[PDB]
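Peer 1: Just passing along the structure, written as structure tokens.
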Amino acid sequence: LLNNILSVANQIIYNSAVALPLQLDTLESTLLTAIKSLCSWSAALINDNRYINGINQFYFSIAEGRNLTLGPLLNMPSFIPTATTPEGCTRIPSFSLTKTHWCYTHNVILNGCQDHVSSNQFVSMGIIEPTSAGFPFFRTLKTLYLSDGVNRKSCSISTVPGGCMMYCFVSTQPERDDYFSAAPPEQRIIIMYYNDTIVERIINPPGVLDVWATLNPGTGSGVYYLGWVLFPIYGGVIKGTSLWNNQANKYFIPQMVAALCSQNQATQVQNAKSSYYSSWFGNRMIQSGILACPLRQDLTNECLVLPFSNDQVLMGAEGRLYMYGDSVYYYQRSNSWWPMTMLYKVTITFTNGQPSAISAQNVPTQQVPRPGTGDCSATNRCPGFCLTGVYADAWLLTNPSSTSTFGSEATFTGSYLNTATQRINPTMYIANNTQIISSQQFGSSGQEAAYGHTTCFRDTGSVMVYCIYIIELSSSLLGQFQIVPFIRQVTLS
Amino acid sequence: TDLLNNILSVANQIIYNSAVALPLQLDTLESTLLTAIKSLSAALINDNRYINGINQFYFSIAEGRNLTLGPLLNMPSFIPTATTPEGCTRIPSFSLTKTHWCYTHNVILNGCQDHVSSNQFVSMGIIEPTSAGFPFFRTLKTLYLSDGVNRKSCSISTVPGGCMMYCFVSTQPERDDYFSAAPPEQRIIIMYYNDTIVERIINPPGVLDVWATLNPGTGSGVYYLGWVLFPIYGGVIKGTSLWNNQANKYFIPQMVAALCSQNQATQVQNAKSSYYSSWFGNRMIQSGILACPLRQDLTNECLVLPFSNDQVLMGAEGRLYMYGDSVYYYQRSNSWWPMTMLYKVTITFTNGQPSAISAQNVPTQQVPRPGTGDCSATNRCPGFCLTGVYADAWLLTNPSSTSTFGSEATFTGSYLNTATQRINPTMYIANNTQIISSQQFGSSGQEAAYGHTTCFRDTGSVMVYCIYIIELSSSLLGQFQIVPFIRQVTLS
Amino acid sequence: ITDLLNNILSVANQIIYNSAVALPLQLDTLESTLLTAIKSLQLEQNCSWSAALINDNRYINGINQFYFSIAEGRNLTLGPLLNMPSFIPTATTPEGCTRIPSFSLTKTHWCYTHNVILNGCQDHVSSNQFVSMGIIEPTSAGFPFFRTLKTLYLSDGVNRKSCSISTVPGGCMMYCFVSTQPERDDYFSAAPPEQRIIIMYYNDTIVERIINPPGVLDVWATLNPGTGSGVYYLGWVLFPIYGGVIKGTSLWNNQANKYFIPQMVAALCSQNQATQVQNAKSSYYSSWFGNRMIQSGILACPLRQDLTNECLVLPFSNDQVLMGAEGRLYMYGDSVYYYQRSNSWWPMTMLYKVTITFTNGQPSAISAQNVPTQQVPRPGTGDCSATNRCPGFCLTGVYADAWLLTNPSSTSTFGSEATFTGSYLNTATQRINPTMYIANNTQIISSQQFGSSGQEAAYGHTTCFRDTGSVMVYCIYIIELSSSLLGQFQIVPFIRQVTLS
Amino acid sequence: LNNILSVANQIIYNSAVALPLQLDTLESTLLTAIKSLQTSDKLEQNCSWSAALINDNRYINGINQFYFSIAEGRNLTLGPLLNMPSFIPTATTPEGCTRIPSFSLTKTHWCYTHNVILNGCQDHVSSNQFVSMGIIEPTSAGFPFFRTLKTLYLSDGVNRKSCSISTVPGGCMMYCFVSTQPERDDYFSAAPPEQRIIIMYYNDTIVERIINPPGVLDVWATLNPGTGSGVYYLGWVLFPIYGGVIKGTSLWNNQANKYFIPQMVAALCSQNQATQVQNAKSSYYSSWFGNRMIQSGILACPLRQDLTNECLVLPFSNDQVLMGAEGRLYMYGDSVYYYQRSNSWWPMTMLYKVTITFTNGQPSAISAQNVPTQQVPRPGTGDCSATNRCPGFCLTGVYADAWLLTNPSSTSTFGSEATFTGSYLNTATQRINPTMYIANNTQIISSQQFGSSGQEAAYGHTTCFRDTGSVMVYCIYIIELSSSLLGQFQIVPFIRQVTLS
Ligand SMILES: *[C@@H]1O[C@H](CO)[C@@H](O[C@@H]2O[C@H](CO)[C@@H](O[C@H]3O[C@H](CO)[C@@H](O)[C@H](O)[C@@H]3O)[C@H](O)[C@H]2NC(C)=O)[C@H](O)[C@H]1NC(C)=O
Ligand SMILES: *[C@@H]1O[C@H](CO)[C@@H](O)[C@H](O)[C@H]1NC(C)=O
Ligand SMILES: [Ca+2]
Ligand SMILES: [Ca+2]
Ligand SMILES: [Ca+2]
Ligand SMILES: [Ca+2]
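Protein chains in written order, with the authors' numbering: chain C, 64 to 101, 111 to 565; chain D, 62 to 101, 114 to 565; chain A, 61 to 102, 107 to 565; chain B, 65 to 565.
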């Protein structure tokens, strides 16, 4: 025996966790495609046939991943609005794409890039349709501008059937002051349907009052998973709470640190433990996690807050959730001591139809660094307390689970700021665990930039993968920043 | 001993997958599917604050003297930019009525000097107030015409339910259009909010064998008494009725005489000759209006109505406007007179069809436009010229309110403030003889091109806002970025 | 060990349970709830179903074919005229005029159209255009009735002229140009007239569009449909065209030096090859019509309801065809054929097999092989009468198409013995004495003049088909006749059998 | 611990075979049902809807009304003939005979029919019957087009004769008898000919029924529809009829000693009053036609697809009406009117208002009030020509109906000044000189003759209606004209304006 059931009961995990959920996923797509072929209708809000089957997947096998190269930039009419004054500040994009449609949002501040009193939030939704030269056009089918005195900040957006769910917090003071007060900022979820119904709810997740000093959405896309909307969150946890106590003495050091940090192992461990706690931000434990909301117009306390185990994950930061086939993935901003791209496979367990636990498996990487200040520049390799960095997510082009060891040879794409400490030199790239294998810098040396959001998808007609690279660029002319959706091909060379 | 622990650890995951993960997946697959099949113009309306503030003269003559430009206001630009360094967006057209707005521009992938192959972007939407009190141009639909047809020089106009765009199809360099005796393909595209699109080749009567070429003027058309009026211009062939009827006619604006010292005979002779171009195939260069009835089955119902050359300068690009019930025309100064040309247009109908047009100039010596050679911003004397740039203007007071038409008129727009170069974009308010308020955008040397200006009133706050759609030379993305600046015209 | 054995059994049993009855059950429940949501989305008392628009079983397999063997072709004669209720409308005043029929019949139905002039034939300004469609059904006497299922009357003040029509599935496609000045002025002026495609369905949808085929503007001074039927072929609608081409264009240059002399002229004209060749070359160029090259061709249109510039113009090579003229397209099985009106120096019936070559799904070239004949002349003026045999420039003639009763391709040499039928005006110079006939390459073997001598007539369109119930071939001869009582000119659908003897 | 392969193989097979097979099958069921909706909406694309069969808005409110006031009636004149594409089909051989039209127009649409005989105008064995239906729409010149939307040709060996037609919602009802022998023989035999009602709907449903109204058999030796239109009235279709009644029957008995002498006859006939009354009584009996009482009447049919004997025969009182003859029924607003052809001694137009009384939802009685007239004669033979004024037995005349332009009820004395229009053969004894006219009780006030002197003609059916859009009244005059070139006859729908000038 022994050897007989092992591979068989392993073939049942494959049968149940990859084979059947793929058949179901594929099933949903062919029926969707079948539905559109049956007063601007909501059935206008469906992507071209060419893309419905090429969204939220790993597009390349491990072998193909070796030969990937960036095509040249393609010109399309940007769906992202710019500022119309020099001091107008458009920042903090969030972008989500499903089989049917996409959602986009960003924050607008009228005068400069700091304002804890008033801002507005632009939202749009639309579809992808092919042009004449074959390449995609992001067709906006609706916009909204939430401008009503509620300072909605750090918003994450996700597609839902029929429209968008956006998750925001309401800013009334400087970020540091949120870490020091005991009560958290107000949390809101806004649902915006293509049929023009808009319902906004102030939400009260259990386990948040008197536990989390502050709580923010991660700014990167949420995802629609099993009838729930999952959003990335982070914040500050108060001392002496159960969550705090349950997280005590936990730390996570990524697989490739040991060979790169010459500091002694015991000191690495003590430094890594100390890295989840910020004296600057009110002596709170800085915590990443997921917020799970059921898709309902009647929301109050049904949303769940689920923290990641600090054994599995770095200090709390902005982030993004993804769906690749049937697995959920999490990008965590590197706001701590490890300056390399952080991607995890997230296992979610439901109990009584509800998410009750999450678990994170890192894709071990030493590639694509991020600028930071002080002792936590792109060159640091050693655990310690750091509170600095920048958002730069990454899209997985190959399946980390395709290798016998998880993520042994992983391939991903995104943008990054190629410098040690400054926010300059935005560079689009494709990378593996150890090396950048394809790269093109945008603009001249010293060109300023900030956050970068990357999303890829396949035209199943031309069998082509495109990636959109949404980058905040410093504008010399109009606006402090111009959020640009670069689009280009990821080609098998 | 130690395979039994992870054989039941695994067999509990198979319980989970079959009893939780998969049935939840099925519940959700059922859920999103039912939603998609559940999906099987009362919105597309401007806010109450603007519906009664559109297409009017906003100020009295007396008030006009105290108008000044307010600071630029920050709204989300509804005009899409390029996403490559060489990407080119050019030739905007913007139209706003009571219920909604329409917008369009031309997109060239490989730089602004490629004149074959392009795409045309279109959007429409409404205006709503923001918490700071100023307007937001809310886009409710976009379209990208990208089928390989080189649609060029497009004008757009709102219609009830949507937009009507007038384009021509360019298949050869401009100059060849004037030389060939067969005119280019003319198209009318109608795009409704309900996502119906109808596009048709039109052939107005009296075009074939009369007009060597014909273009929309790029400025907005207007919807007037059931018809859609677009500006047009082009080249008329020697020996036709239209050429003959137009023979010996010429127009010299009121204010030219005091500024030009040539003998009257020379001015007249030179003015007669400015309507004819040896460079463009010896055609008479001609301005007019295209009148289309609003229908979805257009072939030859659209009418071409030339202006008399006694009333109007050499044919050029232009724009139509509605102020109350009066139609006005802006005519680009592509000839010898470099100042802003605005006219009240009187349209006569015979048996339900526009049969004639007449133009009365608002006499002006203000807001020059850069041009080459002897036809720069400083020229004051009649001659043949084929140079200039588009720079429309919005009348803030009624030229009909004075005893003599246009004796004290006030208008606003952008212009490029140099003699010969297209640099230094400046938003201004002016009267007939002087600029009374002006704000340059960017630094000296900032390159720019066309500018479309449109004003409207917030009847909640009684503030007038103008949008100045300016074509700006860009260093970051694209060779050009078309920007809709917005600011108050303030009474002080 | 007992714990962690008995555990699996009852657990792996629940898995069998989950996978065999529990999960398939949720699948059945799922299927039912959305089949009962798909059906829940969706009138025959009010419907005239388009399978009315179906020819009778007696004709569906008898249309667009060669009906006789070469041997049977020698023994064909015309039967007596048969009386049906004409489907072609006449005038209601003495001065009304109907002219220029076009008629198309395929497997399922027929289409018909003609031009209506209110005040006499001489008025070429303003007219209206009558359109009809229907099917054929047998009568109790055994012969066809052309049953009209819809009429239309295009009457909006637009001067639609020279219209050709073709069936399409579900209806008709008509091709017209718009006339705004006399014919000769169309050749002189450098911009072509407006072209239109009108699609009319049995379901009452009508879309009419102006079209602009590539390579027309600044190349064709004018362009007309040839008035003969177009055909529906491989998803495209082909129409005969003609017009005048401007000097120094690619097309003019590409035709330079080309001419065509039919295979039987040599035995009939007694002039040295040098002059015959030079005169043939010249016959393609009309000084009277603005020094244009007068040119034949085919217009190819995709069947779609949003036409702008997809229609293509393909000229015939002048090495293969005579001077441009009115014409007609045919289908005999899978082969396209072209009849070309003899408006030039050769007065005999001109029929060709057309080879159409495609490229990327679009037609790109046409080749024409003549069926060499010397029979059925047509009346003309001056030196280009019925009796003329020599090359040279002429601009006179009349439309007189002909239907092929046997296959030109069945012989060793193409067209060495062809049999065709039509009508013709049996005089040399006048439009007089309409005569229905059957003829081979050299002789008229069966002929029946209609009316008294001096009876005035004009165009003739002939269409044949077979009753597969009785194995009888019927030909309909649509002839323009001078009228007295009502109208100045009338168009009549004569029908008779073509019988073997 | 060996049984964990018996289950493990059932786990795999369930998740790898059983479930993917089911998910695949389940997918097909959903797509079959989705394509089922794709197919159902594509059926609608194959339909011409009954909604097509509706007159343009300009005419809908302009139908079946008195158009002019009494005073406006004095200033009416005929406009020039207008030219439209005739909806009435002609013959395609010289001997083909089209005769006996019937035409019915209502709010929504019109119905037309006539008889076709293949060889000559005489036949009692075989003929066919053309039928059509359609609408009226305006042209650019402003005047109507009668647009055909469906045509039928009943050709099946049943010799349908003397057909009258009427519109019904969504189509037409036609009434014919079946002719198997000469007319005279019908009057001599006791059993009447076969009577048929055919209903023809736009949706293509056709139901023919042989009918047997009570009170016919052994009472009427023969019975024919009037040929003139019927009308659709309060759910019933009414048809004119006439025929020969048998001696000794209740109807004959109840009609004995009745007669009708029009109000304007005394002043015009010198004969002794006793000699007049005697002849008027005798004028209802034909010794030539099997010694029968020649009777006019009306047949009333419920609108049902399953008719047998629900149809009713209601004769007119011979005190109220002349000898039995062809005729026509009208709706002017809510009033039913009746034209009786003048086949007897009095050669002038006979119009009557008809009152129909209903007994429990069924017509039971009819009465006729004559519009007193001495205008519009009709040709006849011997002592009953257009000039004759004195009672006697005549059996001669021709069908020539009339449309009332003004309301005879709008004067104190019913029809003291009435205005009507039609055509008539303007000669004393012969069928020549067809003339369209407007007349009042005593004089013709407007008149245009058609064709040359001696133009032969026969029946004339006249129908007027109003373009409410332009406020013009138009009258269609359907006249059988002798033809030479093609056909014995050519039935023509002349149209002109009746202008208030
Ligand atoms: C999308 O919205 C359009 C309106 O905003 C709508 O167009 C309207 O469509 C009807 C029929 O197509 C037009 O109808 C006319 O009705 C008859 C037929 O000619 C005449 O009696 C009238 O005089 C008139 O001509 C309307 O004119 C047209 N409205 C406008 C403003 O153009 C489209 O039909 C809509 N598309 C869909 C999917 O329904
Ligand atoms: C809008 O759509 C959602 C589902 O997509 C539905 O639940 C909601 O009630 C809809 N609102 C309206 C007004 O249709
Ligand atoms: Ca706080
Ligand atoms: Ca040209
Ligand atoms: Ca021409
Ligand atoms: Ca009998």
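No residue lacks a Cβ here, since even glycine has one placed at the ideal position from N, Cα and C.
Measure the CB-CB distance between A/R163 and A/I152 and report whether it falls below 8 Å.
Peer 2: Taking 8 Å as the Cβ cut-off, A/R163 and A/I152 do not qualify as a contacting pair.
Peer 1: Could you name the residues of chain B that residue 103 of chain A contacts, counting a contact when the two beta carbons are closer than 7 Å?
Peer 2: It's not possible to place residue 103 of chain A here, given that chain A moves directly from 102 to 107.
Peer 1: Output yes or no for whether 8 Å exceeds the beta carbon distance between C/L393 and C/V385.
Peer 2: For C/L393 and C/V385, no; Cβs fall outside 8 Å.
Peer 1: For the stretch 70-85 of chain C against the stretch 66-82 of chain B, are there 3 or more C-beta pairs whose distance is under 8 Å?
Peer 2: Output reads yes: the stretch 66-82 of chain B touches the stretch 70-85 of chain C.
Peer 1: Nearest by alpha-carbon distance to A/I229: which of A/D220, A/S351, A/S428 and A/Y265 is it?
Peer 2: The shortest C-alpha separation from A/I229 is found at A/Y265.
Peer 1: Nearest to A/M197 by CA position, among B/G206, B/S191 and B/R211, is which residue?
Peer 2: A/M197 has its Cα closest to that of B/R211, out of B/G206, B/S191 and B/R211.
Peer 1: Compute the beta-carbon to beta-carbon distance between D/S487 and D/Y416, rounded to the nearest angstrom, for a pair I have assumed lies under 8 Å.
Peer 2: Not really, about 20 Å apart at Cβ, beyond 8 Å.
Peer 1: Along chain B, in chain order, which residues have C-beta atoms closer than 7 Å to that of A/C111?
Peer 2: Here the neighbours are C111, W113 and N267.
Peer 1: Relative to the C-alpha of B/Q102, which residue among A/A97, A/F353 and A/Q102 is closest?
Peer 2: Nearest C-alpha to B/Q102: A/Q102.
Peer 1: Is it the case that the CB of D/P233 approaches a heavy atom of ligand 1 more closely than 7 Å?
Peer 2: It does: the Cβ of D/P233 is within 7 Å (strictly closer) of some heavy atom of ligand 1.
Peer 1: What residues of chain B sit near C/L94, judged by a beta carbon separation below 7 Å?
Peer 2: Those within 7 Å of C/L94 in chain B are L94.
Peer 1: For ligand 3, is there any heavy atom lying closer than 7 Å to the beta carbon of A/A97?
Peer 2: No.
Peer 1: Using only CA atoms, which one of B/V222, B/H178 and B/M536 lies nearest to B/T291?
Peer 2: Ranking B/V222, B/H178 and B/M536 by Cα distance to B/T291 puts B/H178 first.
Peer 1: Do C/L140 and C/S449 count as a contact pair if the criterion is CB distance below 8 Å?
Peer 2: Their beta carbons are not under 8 Å apart, which means C/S449 does not touch C/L140 by this criterion.
Peer 1: Using a cut-off of 9 Å between C-beta atoms, extract the partners of B/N373 located in chain A.
Peer 2: Chain A residues near B/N373: none, gap ~27 Å exceeds 9 Å.
Peer 1: Could you tell me the distance, in whole angstroms, from the CA atom of A/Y296 to the CA atom of A/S112?
Peer 2: Each residue's alpha carbon lies about 24 Å from the other.
Peer 1: Between the stretch 361-372 of chain D and the stretch 318-333 of chain D, can you find at least three pairs of beta-carbon atoms closer than 8 Å?
Peer 2: No: fewer than three Cβ pairs fall under 8 Å.
Peer 1: Please list, in chain order, the residues of the stretch 143-168 of chain C that have any C-beta partner in chain D closer than 9 Å.
Peer 2: So the list reads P144, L145, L146, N147, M148, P149, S150, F151, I152, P153, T154, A155, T156, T157, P158, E159, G160, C161 and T162, given in the order they occur along the chain.
Peer 1: Who pairs with C/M414 in a beta bridge, going by DSSP?
Peer 2: Note: C/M414 sits in a beta bridge opposite C/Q404.
Peer 1: For B/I543 and B/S360, what's the separation of their Cα atoms in angstroms?
Peer 2: If you take the alpha carbons of B/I543 and B/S360, they lie about 23 Å apart.
Peer 1: Thinking just about the alpha-carbon of each residue, which of C/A464, C/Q554, C/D398 and C/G461 is nearest to the one in C/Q86?
Peer 2: The option with the nearest alpha carbon to C/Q86 is C/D398.
Peer 1: Quick one: Cα of A/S431 to Cα of C/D531, how far?
Peer 2: Computed Cα separation, rounded: 41 Å.
Peer 1: Measure the alpha-carbon distance for C/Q494 versus C/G551 and round it to whole angstroms.
Peer 2: Each residue's alpha carbon lies about 20 Å from the other.
Peer 1: With ligand 3 as the reference, list in chain order each residue whose Cβ lies under 6 Å from any of its heavy atoms.
Peer 2: Ordered along the chain, the selected set is C/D250, C/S253, C/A255, C/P256, C/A285 and C/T286.
Peer 1: Of the residues C/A155, C/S92 and C/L146, which one's Cα is nearest the Cα of D/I555?
Peer 2: When each option's Cα is compared against that of D/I555, the closest is C/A155.
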